Amino acid sequence: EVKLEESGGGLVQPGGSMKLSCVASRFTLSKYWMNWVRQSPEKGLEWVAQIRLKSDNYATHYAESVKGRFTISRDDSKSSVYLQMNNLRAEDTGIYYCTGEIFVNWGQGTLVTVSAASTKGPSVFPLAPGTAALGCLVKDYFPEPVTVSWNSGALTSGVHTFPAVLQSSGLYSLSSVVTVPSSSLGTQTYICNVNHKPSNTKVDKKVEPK
Amino acid sequence: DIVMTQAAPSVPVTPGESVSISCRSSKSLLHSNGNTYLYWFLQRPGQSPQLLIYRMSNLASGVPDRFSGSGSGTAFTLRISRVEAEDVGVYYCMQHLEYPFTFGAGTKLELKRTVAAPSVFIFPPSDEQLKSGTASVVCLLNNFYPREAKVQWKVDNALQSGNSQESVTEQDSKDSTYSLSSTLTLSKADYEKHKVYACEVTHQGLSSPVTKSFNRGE
Amino acid sequence: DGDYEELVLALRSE
Ligand SMILES: [Cl-]
Ligand SMILES: [Zn+2]
Ligand SMILES: [Zn+2]
Ligand SMILES: [Zn+2]
Ligand SMILES: [Zn+2]
C-alpha cells in the first residue's frame, strides 16, 4: 500500500520559519503532482499549494493567503515534497497534510502551532468516587496534545477522555473518566497513564477513593 | 473565488436508513471535457480525509457501493443508501476546476437512537490541587442521547455563570450515545468560603432535573 | 501496480 508521511511540525514563534517534509513509500513520486492541504477548526480544510512534474518545469500554484511566504518544492530522488513556511502568522496554525495528485493518498498530518507562548507541562489530579465513576484531570498545559490511557491499555471497556478546552489565558485542560463496578473499588487498581511530549512530561497516577 | 457551500452543518440518521448531503458551487464545475470537477471526502473522527467520489459521480476504489454521487453543474448530492456506524464523520465536497481548490465547510453525519437519560456523577477538587491555590469541581454526564443537556452549577444553591466549561465526546461507536464533562474553576479561598456544591442536569430522558451534590467538609 | 497510474493519467488535465 502507498504511504505518505509528513514531518517538521511543532511550536513556532510568529514571524518565524519552519520547513515541512513529506516522504512517499510504494509510490513513484516523480510521476505525480503533489499538494499540501491544512486543517483548522476555524477555516476547515484549506488547499495550500501544488507542485507539478519536472516536464511541467515544476510548475507551482499557491493559495492567496500563503503566496509570497510559503514555497513548495520536490526532490524526486529523495521521494520527497517540502513546504518552506516563512513569516508565519497565528492564522497558519493547524494540521498540515501532503497528498498525491487525485487526493486518494494523504499522510497522517503534522501539527503546526504558531504562538509567542512558551511550552508548559500539565498537572494530574485524581477524580475519586451498581456502577462507579473514576477519573484523572490533566490541567494547565501548552501547546496541544496530551495522551491519556488506563492501566497501560489493559482497561479500555468504558473510557471517556474528553477533548481539550482552552482556558482564560492560553492554557489547556482535559478530563479523562471511566465506568467500573462498585465491587471492584479497593479490589482492582485503576491508574491513568499521562504524557505531554512538547514539554517532556510523563505521569503515572493511581486513582483511589478518599 | 469558487465558493463551495454545504448548507447543513450536521445531519441525523437512524442506522440502516438513507441520507443525502448537499453541496453547491458559485460557478459551474462542468469542464468543456464533459466532466464535473468535484470530489467528495469522508473524514472519520481522529483520521485523515478519505476520498469517496471523483468527477461528481464516480466511486473511488474500495469505497462501498452504498455510496453514490450526483448533480447538475452547481448543485451536488452525495447519497448513502443504508447508513452504518463506519459512515459517521464529516463529509466535505471540493472543486478542482480552478485554482485555488476550494472545500465546503463540512456536514457531519450523526446516528439517531432512542432517548437515554445521562448517568450523572460529581467530583470534588483533590487535596493535591488545593495546595496550588485553585479548585476544579468536575461533573460527568455519562452515555446519554440526544446531545442537548442543560448543566447548571450551584454553590450554596446560588446559580453560577462564567466560571465553568464543557467538552463533549464524539458519538460513541458502540451504542451511539454522548458523554459530557462540565468543570467549575474557583480560587481555593473562594471554594473554602462555601459548603454545598451541586450539579443540576436537565435532559429529555429525565422526568425532572437530576441533582448530584456534596458538602465540602466530608 | 499500474491501476492508480492509469486512473491519474485518465483524470489529468492541463
Ligand atoms: Cl493521490
Ligand atoms: Zn505541463
Ligand atoms: Zn462496510
Ligand atoms: Zn461511558
Ligand atoms: Zn485497469
# chains A, B, ... in the order shown; residues from 1 in each chain; ligands from 1
>>> residues_near_ligand(ligand="ligand 5", cutoff="12 Å", atoms="only C-alpha atoms and all ligand atoms", output="list in words")
residues 61 of chain B; 1, 2, 3, 4, 5, 6, 7, 8, 9 and 10 of chain C
>>> write_last_selection(atoms="N, CA and C atoms", output="compact mmCIF listing (two decimals), in the first residue's frame")
# COMPACT_ATOMS: atom_id res chain seq x y z
N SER B 61 -11.94 3.73 -5.75
CA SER B 61 -11.60 2.34 -5.50
C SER B 61 -11.66 2.01 -4.00
N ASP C 1 1.62 -1.87 -8.71
CA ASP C 1 0.57 -1.92 -9.74
C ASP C 1 0.55 -0.64 -10.58
N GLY C 2 -0.20 -0.68 -11.69
CA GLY C 2 -0.38 0.44 -12.60
C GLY C 2 -1.80 0.99 -12.65
N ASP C 3 -2.70 0.48 -11.78
CA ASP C 3 -4.11 0.90 -11.71
C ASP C 3 -4.26 2.36 -11.27
N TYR C 4 -3.51 2.78 -10.23
CA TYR C 4 -3.51 4.16 -9.73
C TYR C 4 -2.94 5.06 -10.84
N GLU C 5 -1.80 4.68 -11.44
CA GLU C 5 -1.23 5.45 -12.54
C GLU C 5 -2.22 5.59 -13.72
N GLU C 6 -2.90 4.50 -14.07
CA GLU C 6 -3.88 4.51 -15.15
C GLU C 6 -4.96 5.54 -14.87
N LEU C 7 -5.48 5.55 -13.61
CA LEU C 7 -6.54 6.48 -13.18
C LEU C 7 -6.06 7.92 -13.20
N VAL C 8 -4.87 8.19 -12.64
CA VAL C 8 -4.28 9.54 -12.60
C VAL C 8 -4.15 10.10 -14.02
N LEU C 9 -3.56 9.30 -14.94
CA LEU C 9 -3.36 9.71 -16.34
C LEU C 9 -4.66 9.97 -17.08
N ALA C 10 -5.71 9.15 -16.82
CA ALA C 10 -7.03 9.34 -17.43
C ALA C 10 -7.68 10.64 -16.91
>>> select_by_dssp(residues="chain B", states="strand (DSSP E or B)", output="compact mmCIF listing (two decimals) with N, CA, C and O atoms, in the first residue's frame")
# COMPACT_ATOMS: atom_id res chain seq x y z
N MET B 4 -17.69 27.00 -2.19
CA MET B 4 -18.37 25.72 -2.01
C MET B 4 -19.20 25.81 -0.73
O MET B 4 -18.66 26.03 0.36
N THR B 5 -20.52 25.71 -0.88
CA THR B 5 -21.45 25.85 0.23
C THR B 5 -22.11 24.51 0.55
O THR B 5 -22.68 23.87 -0.33
N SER B 10 -24.72 19.67 10.04
CA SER B 10 -24.93 18.33 10.57
C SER B 10 -26.21 17.69 10.01
O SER B 10 -27.13 18.41 9.59
N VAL B 11 -26.29 16.34 10.03
CA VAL B 11 -27.47 15.62 9.57
C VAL B 11 -27.67 14.31 10.39
O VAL B 11 -26.74 13.50 10.50
N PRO B 12 -28.88 14.08 10.96
CA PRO B 12 -29.12 12.86 11.76
C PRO B 12 -29.80 11.72 10.97
O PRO B 12 -30.66 11.98 10.13
N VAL B 13 -29.41 10.44 11.23
CA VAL B 13 -29.96 9.27 10.52
C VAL B 13 -30.14 8.08 11.44
O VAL B 13 -29.25 7.81 12.24
N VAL B 19 -29.52 8.71 3.58
CA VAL B 19 -29.22 10.11 3.80
C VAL B 19 -28.68 10.76 2.52
O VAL B 19 -28.05 10.09 1.70
N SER B 20 -28.94 12.06 2.36
CA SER B 20 -28.43 12.88 1.26
C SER B 20 -27.68 14.07 1.86
O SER B 20 -28.16 14.68 2.82
N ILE B 21 -26.50 14.37 1.30
CA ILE B 21 -25.65 15.50 1.71
C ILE B 21 -25.46 16.39 0.49
O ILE B 21 -24.96 15.93 -0.54
N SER B 22 -25.91 17.63 0.60
CA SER B 22 -25.88 18.63 -0.46
C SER B 22 -24.64 19.51 -0.41
O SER B 22 -24.05 19.75 0.65
N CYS B 23 -24.25 20.01 -1.57
CA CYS B 23 -23.13 20.93 -1.77
C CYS B 23 -23.51 21.78 -2.95
O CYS B 23 -24.16 21.28 -3.85
N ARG B 24 -23.09 23.04 -2.96
CA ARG B 24 -23.30 23.91 -4.12
C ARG B 24 -22.09 24.78 -4.41
O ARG B 24 -21.38 25.19 -3.48
N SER B 25 -21.85 25.06 -5.69
CA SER B 25 -20.75 25.91 -6.15
C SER B 25 -21.28 27.26 -6.69
O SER B 25 -22.42 27.32 -7.16
N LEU B 30 -18.58 22.10 -14.45
CA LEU B 30 -18.52 21.37 -15.72
C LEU B 30 -17.40 21.92 -16.60
O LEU B 30 -17.39 23.11 -16.92
N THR B 36 -17.45 16.94 -14.57
CA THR B 36 -17.72 17.87 -13.46
C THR B 36 -16.59 17.67 -12.44
O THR B 36 -16.38 16.56 -11.95
N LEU B 38 -15.58 17.82 -9.26
CA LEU B 38 -15.98 17.79 -7.86
C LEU B 38 -15.62 16.46 -7.19
O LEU B 38 -15.86 15.37 -7.73
N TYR B 39 -15.05 16.57 -5.97
CA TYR B 39 -14.69 15.43 -5.14
C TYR B 39 -15.55 15.43 -3.90
O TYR B 39 -15.92 16.49 -3.40
N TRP B 40 -15.79 14.22 -3.34
CA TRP B 40 -16.45 14.05 -2.05
C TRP B 40 -15.48 13.28 -1.15
O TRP B 40 -14.86 12.31 -1.60
N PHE B 41 -15.33 13.73 0.11
CA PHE B 41 -14.48 13.10 1.12
C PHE B 41 -15.26 12.82 2.37
O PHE B 41 -16.16 13.58 2.71
N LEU B 42 -14.82 11.79 3.11
CA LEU B 42 -15.29 11.48 4.45
C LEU B 42 -14.09 11.59 5.36
O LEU B 42 -13.05 10.99 5.09
N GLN B 43 -14.25 12.33 6.46
CA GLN B 43 -13.24 12.40 7.48
C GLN B 43 -13.83 11.81 8.75
O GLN B 43 -14.57 12.49 9.47
N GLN B 50 -10.63 10.89 3.54
CA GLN B 50 -10.59 9.74 2.62
C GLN B 50 -11.50 10.05 1.45
O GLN B 50 -12.64 10.46 1.67
N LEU B 51 -11.04 9.81 0.22
CA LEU B 51 -11.82 10.05 -0.99
C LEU B 51 -12.98 9.07 -1.17
O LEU B 51 -12.78 7.86 -1.13
N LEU B 52 -14.18 9.57 -1.49
CA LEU B 52 -15.31 8.70 -1.72
C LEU B 52 -15.66 8.72 -3.19
O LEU B 52 -15.94 7.68 -3.78
N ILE B 53 -15.73 9.92 -3.77
CA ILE B 53 -16.22 10.15 -5.12
C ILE B 53 -15.30 11.12 -5.84
O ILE B 53 -14.89 12.11 -5.26
N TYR B 54 -15.02 10.86 -7.13
CA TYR B 54 -14.28 11.76 -8.00
C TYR B 54 -15.19 12.05 -9.20
O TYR B 54 -16.10 11.25 -9.48
N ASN B 58 -18.36 9.35 -9.70
CA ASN B 58 -17.59 8.09 -9.72
C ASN B 58 -17.09 7.64 -8.35
O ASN B 58 -16.43 8.40 -7.65
N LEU B 59 -17.38 6.38 -7.98
CA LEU B 59 -16.95 5.74 -6.74
C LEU B 59 -15.46 5.54 -6.77
O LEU B 59 -14.96 4.93 -7.72
N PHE B 67 -22.60 4.07 -1.44
CA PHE B 67 -22.32 5.48 -1.76
C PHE B 67 -22.60 5.76 -3.24
O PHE B 67 -22.37 4.92 -4.11
N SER B 68 -23.11 6.96 -3.51
CA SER B 68 -23.38 7.45 -4.85
C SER B 68 -23.28 8.98 -4.84
O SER B 68 -23.47 9.61 -3.79
N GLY B 69 -22.99 9.55 -5.99
CA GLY B 69 -22.87 11.00 -6.13
C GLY B 69 -23.56 11.45 -7.38
O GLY B 69 -23.50 10.76 -8.40
N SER B 70 -24.29 12.53 -7.30
CA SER B 70 -24.98 13.05 -8.48
C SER B 70 -24.98 14.58 -8.46
O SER B 70 -24.56 15.19 -7.48
N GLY B 71 -25.48 15.19 -9.51
CA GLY B 71 -25.56 16.64 -9.55
C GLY B 71 -25.74 17.24 -10.91
O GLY B 71 -25.68 16.54 -11.93
N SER B 72 -25.94 18.56 -10.94
CA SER B 72 -26.15 19.29 -12.18
C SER B 72 -25.52 20.67 -12.14
O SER B 72 -26.17 21.64 -11.73
N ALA B 75 -25.23 22.25 -8.30
CA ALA B 75 -25.90 21.62 -7.15
C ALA B 75 -25.57 20.12 -7.16
O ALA B 75 -25.81 19.46 -8.17
N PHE B 76 -24.97 19.63 -6.06
CA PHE B 76 -24.44 18.26 -5.94
C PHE B 76 -24.95 17.51 -4.73
O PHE B 76 -25.19 18.10 -3.68
N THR B 77 -25.11 16.20 -4.89
CA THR B 77 -25.64 15.38 -3.82
C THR B 77 -24.85 14.11 -3.66
O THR B 77 -24.58 13.40 -4.64
N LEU B 78 -24.42 13.84 -2.42
CA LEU B 78 -23.81 12.59 -2.01
C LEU B 78 -24.94 11.79 -1.33
O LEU B 78 -25.64 12.34 -0.48
N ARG B 79 -25.11 10.53 -1.69
CA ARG B 79 -26.12 9.71 -1.02
C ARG B 79 -25.52 8.43 -0.48
O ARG B 79 -24.66 7.83 -1.12
N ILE B 80 -26.01 8.00 0.68
CA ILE B 80 -25.68 6.72 1.31
C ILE B 80 -27.03 5.99 1.40
O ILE B 80 -27.96 6.51 1.99
N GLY B 89 -18.81 10.72 10.62
CA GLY B 89 -17.67 11.60 10.44
C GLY B 89 -18.14 12.82 9.70
O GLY B 89 -19.35 13.07 9.63
N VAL B 90 -17.20 13.57 9.13
CA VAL B 90 -17.52 14.80 8.41
C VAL B 90 -17.35 14.62 6.92
O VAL B 90 -16.27 14.25 6.47
N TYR B 91 -18.40 14.94 6.17
CA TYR B 91 -18.48 14.88 4.70
C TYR B 91 -18.17 16.25 4.06
O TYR B 91 -18.85 17.24 4.34
N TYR B 92 -17.14 16.29 3.21
CA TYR B 92 -16.69 17.51 2.53
C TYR B 92 -16.73 17.36 1.02
O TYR B 92 -16.32 16.33 0.49
N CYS B 93 -17.16 18.42 0.34
CA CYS B 93 -17.08 18.50 -1.11
C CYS B 93 -15.86 19.39 -1.43
O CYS B 93 -15.40 20.17 -0.57
N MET B 94 -15.31 19.25 -2.64
CA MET B 94 -14.18 20.04 -3.09
C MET B 94 -14.20 20.19 -4.59
O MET B 94 -14.37 19.21 -5.31
N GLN B 95 -13.90 21.41 -5.08
CA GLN B 95 -13.79 21.64 -6.51
C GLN B 95 -12.33 21.75 -6.91
O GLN B 95 -11.52 22.36 -6.20
N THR B 102 -11.04 24.62 -3.68
CA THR B 102 -11.80 25.02 -2.51
C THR B 102 -12.69 23.90 -2.00
O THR B 102 -13.21 23.10 -2.77
N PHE B 103 -12.85 23.88 -0.67
CA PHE B 103 -13.64 22.92 0.07
C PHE B 103 -14.88 23.59 0.67
O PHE B 103 -14.85 24.76 1.04
N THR B 107 -20.24 18.61 6.50
CA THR B 107 -21.54 18.18 7.03
C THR B 107 -21.28 16.95 7.90
O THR B 107 -20.76 15.95 7.38
N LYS B 108 -21.59 17.02 9.21
CA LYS B 108 -21.29 15.80 9.95
C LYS B 108 -22.49 14.89 10.07
O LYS B 108 -23.61 15.35 10.21
N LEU B 109 -22.25 13.60 9.89
CA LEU B 109 -23.28 12.58 9.96
C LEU B 109 -23.39 12.13 11.41
O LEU B 109 -22.38 11.81 12.04
N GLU B 110 -24.61 12.08 11.93
CA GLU B 110 -24.87 11.64 13.29
C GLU B 110 -25.90 10.53 13.30
O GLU B 110 -26.81 10.54 12.47
N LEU B 111 -25.74 9.56 14.19
CA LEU B 111 -26.69 8.46 14.28
C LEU B 111 -27.81 8.73 15.28
O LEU B 111 -27.54 9.07 16.43
N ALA B 116 -31.79 8.40 26.01
CA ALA B 116 -31.06 7.80 27.12
C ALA B 116 -30.76 8.90 28.09
O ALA B 116 -30.13 9.89 27.72
N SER B 119 -26.11 9.41 33.05
CA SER B 119 -25.72 8.87 34.35
C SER B 119 -24.83 10.00 34.90
O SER B 119 -23.75 10.25 34.37
N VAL B 120 -25.33 10.73 35.90
CA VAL B 120 -24.63 11.90 36.45
C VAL B 120 -23.81 11.58 37.71
O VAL B 120 -24.29 10.90 38.62
N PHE B 121 -22.55 12.11 37.74
CA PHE B 121 -21.58 12.00 38.83
C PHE B 121 -20.95 13.37 39.10
O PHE B 121 -20.79 14.18 38.18
N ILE B 122 -20.62 13.63 40.36
CA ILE B 122 -19.97 14.86 40.83
C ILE B 122 -18.64 14.48 41.51
O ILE B 122 -18.57 13.45 42.20
N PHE B 123 -17.60 15.27 41.27
CA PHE B 123 -16.26 15.04 41.77
C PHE B 123 -15.69 16.27 42.45
O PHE B 123 -15.49 17.30 41.80
N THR B 134 -5.93 26.67 43.64
CA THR B 134 -7.10 26.58 42.76
C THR B 134 -7.93 25.31 43.02
O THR B 134 -7.38 24.29 43.45
N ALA B 135 -9.24 25.38 42.74
CA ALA B 135 -10.19 24.27 42.88
C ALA B 135 -10.93 23.99 41.54
O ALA B 135 -11.47 24.91 40.91
N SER B 136 -10.93 22.73 41.12
CA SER B 136 -11.66 22.29 39.92
C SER B 136 -12.71 21.29 40.38
O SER B 136 -12.35 20.24 40.92
N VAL B 137 -14.00 21.62 40.21
CA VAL B 137 -15.12 20.72 40.55
C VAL B 137 -15.63 20.12 39.22
O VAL B 137 -16.06 20.86 38.33
N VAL B 138 -15.55 18.78 39.07
CA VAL B 138 -15.93 18.12 37.81
C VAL B 138 -17.27 17.37 37.91
O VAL B 138 -17.45 16.56 38.81
N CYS B 139 -18.16 17.62 36.92
CA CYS B 139 -19.46 16.96 36.77
C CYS B 139 -19.48 16.17 35.44
O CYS B 139 -19.33 16.75 34.37
N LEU B 140 -19.64 14.83 35.54
CA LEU B 140 -19.73 13.91 34.41
C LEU B 140 -21.21 13.54 34.11
O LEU B 140 -22.00 13.34 35.03
N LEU B 141 -21.56 13.50 32.81
CA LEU B 141 -22.86 13.16 32.25
C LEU B 141 -22.58 12.00 31.32
O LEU B 141 -22.07 12.19 30.22
N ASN B 142 -22.86 10.78 31.78
CA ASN B 142 -22.49 9.58 31.06
C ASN B 142 -23.59 8.90 30.23
O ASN B 142 -24.72 8.70 30.68
N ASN B 143 -23.17 8.48 29.02
CA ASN B 143 -23.91 7.74 27.99
C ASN B 143 -25.38 8.16 27.88
O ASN B 143 -26.29 7.48 28.36
N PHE B 144 -25.59 9.32 27.23
CA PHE B 144 -26.91 9.92 27.02
C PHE B 144 -27.17 10.26 25.55
O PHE B 144 -26.24 10.34 24.75
N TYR B 145 -28.46 10.48 25.22
CA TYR B 145 -28.95 10.86 23.90
C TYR B 145 -30.35 11.54 24.01
O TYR B 145 -31.19 11.03 24.77
N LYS B 150 -28.62 20.44 29.71
CA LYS B 150 -28.53 21.68 30.48
C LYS B 150 -27.84 21.35 31.79
O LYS B 150 -28.37 20.56 32.58
N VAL B 151 -26.64 21.91 32.00
CA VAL B 151 -25.82 21.69 33.19
C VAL B 151 -25.73 23.01 33.98
O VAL B 151 -25.00 23.92 33.59
N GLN B 152 -26.48 23.09 35.10
CA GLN B 152 -26.47 24.27 35.98
C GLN B 152 -25.70 24.01 37.29
O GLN B 152 -26.07 23.14 38.07
N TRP B 153 -24.58 24.73 37.47
CA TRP B 153 -23.72 24.64 38.65
C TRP B 153 -24.29 25.48 39.80
O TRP B 153 -24.78 26.59 39.58
N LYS B 154 -24.24 24.93 41.03
CA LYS B 154 -24.74 25.60 42.23
C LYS B 154 -23.74 25.55 43.39
O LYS B 154 -23.25 24.48 43.74
N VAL B 155 -23.44 26.73 43.95
CA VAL B 155 -22.53 26.94 45.09
C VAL B 155 -23.38 27.63 46.15
O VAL B 155 -23.75 28.80 45.98
N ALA B 158 -26.85 28.79 44.90
CA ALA B 158 -26.91 30.03 44.13
C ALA B 158 -26.38 29.67 42.73
O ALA B 158 -25.37 28.98 42.62
N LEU B 159 -27.10 30.09 41.67
CA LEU B 159 -26.74 29.83 40.27
C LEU B 159 -25.38 30.45 39.92
O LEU B 159 -25.05 31.53 40.43
N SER B 164 -17.36 28.14 34.49
CA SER B 164 -17.47 26.73 34.09
C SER B 164 -17.27 26.49 32.60
O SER B 164 -17.61 27.34 31.77
N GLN B 165 -16.74 25.30 32.25
CA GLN B 165 -16.52 24.89 30.86
C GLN B 165 -17.03 23.48 30.57
O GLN B 165 -17.04 22.62 31.45
N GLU B 166 -17.46 23.27 29.34
CA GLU B 166 -17.95 21.99 28.88
C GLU B 166 -17.12 21.51 27.69
O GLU B 166 -16.56 22.32 26.93
N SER B 167 -17.11 20.19 27.51
CA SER B 167 -16.47 19.46 26.43
C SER B 167 -17.32 18.20 26.23
O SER B 167 -17.71 17.55 27.22
N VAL B 168 -17.64 17.88 24.97
CA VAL B 168 -18.48 16.72 24.66
C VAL B 168 -17.69 15.70 23.86
O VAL B 168 -16.99 16.08 22.93
N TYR B 178 -23.66 10.07 23.74
CA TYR B 178 -22.66 11.11 24.01
C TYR B 178 -22.31 11.04 25.50
O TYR B 178 -23.07 10.45 26.28
N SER B 179 -21.17 11.63 25.89
CA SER B 179 -20.74 11.82 27.28
C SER B 179 -20.25 13.27 27.39
O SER B 179 -19.78 13.83 26.41
N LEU B 180 -20.48 13.91 28.53
CA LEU B 180 -20.11 15.32 28.72
C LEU B 180 -19.49 15.53 30.08
O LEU B 180 -19.89 14.91 31.06
N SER B 181 -18.50 16.42 30.12
CA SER B 181 -17.80 16.87 31.31
C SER B 181 -18.07 18.35 31.42
O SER B 181 -18.13 19.06 30.41
N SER B 182 -18.32 18.80 32.64
CA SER B 182 -18.57 20.18 32.99
C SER B 182 -17.73 20.45 34.22
O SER B 182 -17.98 19.88 35.28
N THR B 183 -16.67 21.25 34.04
CA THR B 183 -15.76 21.62 35.11
C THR B 183 -16.04 23.04 35.57
O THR B 183 -16.27 23.93 34.74
N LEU B 184 -16.00 23.24 36.90
CA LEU B 184 -16.16 24.52 37.56
C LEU B 184 -14.82 24.90 38.21
O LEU B 184 -14.32 24.15 39.05
N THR B 185 -14.24 26.04 37.81
CA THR B 185 -12.97 26.51 38.38
C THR B 185 -13.22 27.68 39.33
O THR B 185 -13.84 28.68 38.95
N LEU B 186 -12.77 27.53 40.57
CA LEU B 186 -12.88 28.54 41.62
C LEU B 186 -11.56 28.62 42.34
O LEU B 186 -10.87 27.61 42.46
N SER B 187 -11.21 29.82 42.84
CA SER B 187 -9.99 30.00 43.64
C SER B 187 -10.20 29.26 44.97
O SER B 187 -11.32 29.27 45.49
N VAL B 196 -22.01 23.64 50.15
CA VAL B 196 -22.70 22.75 49.21
C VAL B 196 -22.36 23.11 47.75
O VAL B 196 -22.42 24.27 47.35
N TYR B 197 -21.98 22.06 47.00
CA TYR B 197 -21.67 22.10 45.58
C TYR B 197 -22.60 21.13 44.88
O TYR B 197 -22.59 19.94 45.20
N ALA B 198 -23.43 21.64 43.97
CA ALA B 198 -24.41 20.83 43.26
C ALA B 198 -24.32 20.98 41.77
O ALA B 198 -24.06 22.07 41.25
N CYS B 199 -24.56 19.87 41.08
CA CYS B 199 -24.60 19.80 39.62
C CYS B 199 -26.02 19.38 39.25
O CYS B 199 -26.43 18.26 39.57
N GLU B 200 -26.79 20.30 38.63
CA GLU B 200 -28.17 20.06 38.19
C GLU B 200 -28.23 19.80 36.68
O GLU B 200 -27.72 20.59 35.88
N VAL B 201 -28.83 18.67 36.30
CA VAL B 201 -28.90 18.24 34.91
C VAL B 201 -30.35 18.11 34.39
O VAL B 201 -31.15 17.37 34.98
N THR B 202 -30.66 18.81 33.28
CA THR B 202 -31.93 18.74 32.55
C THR B 202 -31.62 18.11 31.19
O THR B 202 -30.66 18.50 30.51
N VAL B 210 -32.13 16.23 37.43
CA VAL B 210 -31.40 15.39 38.39
C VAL B 210 -30.24 16.20 39.02
O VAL B 210 -29.54 16.92 38.32
N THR B 211 -30.08 16.10 40.35
CA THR B 211 -29.04 16.83 41.08
C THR B 211 -28.09 15.89 41.83
O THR B 211 -28.53 15.07 42.64
N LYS B 212 -26.79 16.03 41.55
CA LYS B 212 -25.75 15.28 42.24
C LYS B 212 -24.93 16.31 42.99
O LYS B 212 -24.43 17.26 42.38
N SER B 213 -24.88 16.19 44.32
CA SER B 213 -24.19 17.19 45.12
C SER B 213 -23.23 16.61 46.15
O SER B 213 -23.02 15.39 46.21
N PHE B 214 -22.58 17.50 46.92
CA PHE B 214 -21.67 17.20 48.02
C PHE B 214 -21.54 18.40 48.95
O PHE B 214 -21.82 19.54 48.57
N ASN B 215 -21.10 18.11 50.18
CA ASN B 215 -20.79 19.09 51.21
C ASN B 215 -19.26 19.05 51.35
O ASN B 215 -18.69 17.98 51.54
>>> residues_around(residues="residue 147 in chain A", least_positions_apart="5", cutoff="8 Å", atoms="only C-alpha atoms", output="number ranges by chain")
A: 193-196
>>> closest_residue(among="A:18, A:203, A:2, A:45", to="chain B", atoms="only C-alpha atoms")
A:45
>>> interface_residues(of="chain A", to="chain C", cutoff="10 Å", atoms="only C-alpha atoms", output="ChimeraX atom specification")
/A:1,26-28,31-33,56,100-102,104
>>> interface_residues(of="chain A", to="chain B", cutoff="7 Å", atoms="only C-alpha atoms", output="list in words")
residues 44, 45, 46, 47, 63, 103, 104, 106, 108, 125, 126, 127, 128, 162, 163 and 165 of chain A
>>> write_last_selection(atoms="N, CA, C and O atoms", output="mmCIF file, in the first residue's frame")
data_model
loop_
_atom_site.group_PDB
_atom_site.id
_atom_site.type_symbol
_atom_site.label_atom_id
_atom_site.label_comp_id
_atom_site.auth_asym_id
_atom_site.auth_seq_id
_atom_site.Cartn_x
_atom_site.Cartn_y
_atom_site.Cartn_z
ATOM 1 N N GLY A 44 -11.600 25.145 8.481
ATOM 2 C CA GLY A 44 -11.883 23.824 7.931
ATOM 3 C C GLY A 44 -10.717 23.358 7.076
ATOM 4 O O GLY A 44 -9.573 23.744 7.348
ATOM 5 N N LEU A 45 -10.994 22.556 6.023
ATOM 6 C CA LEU A 45 -9.961 22.092 5.072
ATOM 7 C C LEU A 45 -9.563 23.221 4.099
ATOM 8 O O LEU A 45 -10.442 23.827 3.480
ATOM 9 N N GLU A 46 -8.250 23.528 3.996
ATOM 10 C CA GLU A 46 -7.800 24.584 3.083
ATOM 11 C C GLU A 46 -6.717 24.042 2.169
ATOM 12 O O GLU A 46 -5.702 23.578 2.669
ATOM 13 N N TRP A 47 -6.877 24.185 0.844
ATOM 14 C CA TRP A 47 -5.829 23.765 -0.089
ATOM 15 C C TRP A 47 -4.746 24.855 -0.033
ATOM 16 O O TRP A 47 -5.071 26.046 -0.122
ATOM 17 N N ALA A 63 -2.257 28.973 -2.517
ATOM 18 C CA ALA A 63 -3.431 29.730 -2.004
ATOM 19 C C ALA A 63 -2.936 31.174 -1.830
ATOM 20 O O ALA A 63 -1.770 31.387 -1.464
ATOM 21 N N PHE A 103 -5.953 13.079 -4.599
ATOM 22 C CA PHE A 103 -6.492 13.165 -3.238
ATOM 23 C C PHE A 103 -6.975 11.797 -2.674
ATOM 24 O O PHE A 103 -7.826 11.760 -1.787
ATOM 25 N N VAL A 104 -6.423 10.679 -3.198
ATOM 26 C CA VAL A 104 -6.689 9.324 -2.699
ATOM 27 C C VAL A 104 -5.778 9.127 -1.474
ATOM 28 O O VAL A 104 -6.233 8.684 -0.418
ATOM 29 N N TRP A 106 -3.223 10.560 1.415
ATOM 30 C CA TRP A 106 -2.986 11.636 2.365
ATOM 31 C C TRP A 106 -2.108 11.038 3.453
ATOM 32 O O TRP A 106 -2.309 9.890 3.811
ATOM 33 N N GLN A 108 -0.729 11.235 7.605
ATOM 34 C CA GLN A 108 -1.426 11.353 8.882
ATOM 35 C C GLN A 108 -1.490 12.809 9.351
ATOM 36 O O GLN A 108 -2.259 13.113 10.257
ATOM 37 N N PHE A 125 -4.408 15.359 38.573
ATOM 38 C CA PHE A 125 -5.181 15.238 39.813
ATOM 39 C C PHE A 125 -6.204 14.087 39.679
ATOM 40 O O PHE A 125 -6.735 13.894 38.577
ATOM 41 N N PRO A 126 -6.507 13.311 40.761
ATOM 42 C CA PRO A 126 -7.494 12.226 40.616
ATOM 43 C C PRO A 126 -8.946 12.687 40.768
ATOM 44 O O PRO A 126 -9.211 13.716 41.390
ATOM 45 N N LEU A 127 -9.878 11.931 40.161
ATOM 46 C CA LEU A 127 -11.322 12.149 40.236
ATOM 47 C C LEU A 127 -11.865 10.884 40.876
ATOM 48 O O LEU A 127 -12.296 9.947 40.191
ATOM 49 N N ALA A 128 -11.736 10.837 42.214
ATOM 50 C CA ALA A 128 -12.112 9.714 43.064
ATOM 51 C C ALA A 128 -13.613 9.633 43.300
ATOM 52 O O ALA A 128 -14.254 10.671 43.510
ATOM 53 N N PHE A 162 -11.945 13.301 27.336
ATOM 54 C CA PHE A 162 -12.594 14.453 26.737
ATOM 55 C C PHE A 162 -11.694 15.337 25.887
ATOM 56 O O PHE A 162 -10.493 15.419 26.145
ATOM 57 N N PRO A 163 -12.276 16.021 24.862
ATOM 58 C CA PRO A 163 -11.478 16.965 24.069
ATOM 59 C C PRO A 163 -10.951 18.068 24.977
ATOM 60 O O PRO A 163 -11.604 18.422 25.950
ATOM 61 N N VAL A 165 -9.981 21.689 26.309
ATOM 62 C CA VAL A 165 -10.575 23.011 26.345
ATOM 63 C C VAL A 165 -9.469 24.025 26.621
ATOM 64 O O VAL A 165 -8.618 23.793 27.493
#
>>> select_by_dssp(residues="chain C", states="helix (DSSP H, G or I)", output="count of residues only")
9
>>> residues_near_ligand(ligand="ligand 2", cutoff="9 Å", atoms="only C-alpha atoms and all ligand atoms", output="list in words")
residues 52, 53, 54, 55, 56, 57, 58 and 59 of chain A; 13 and 14 of chain C
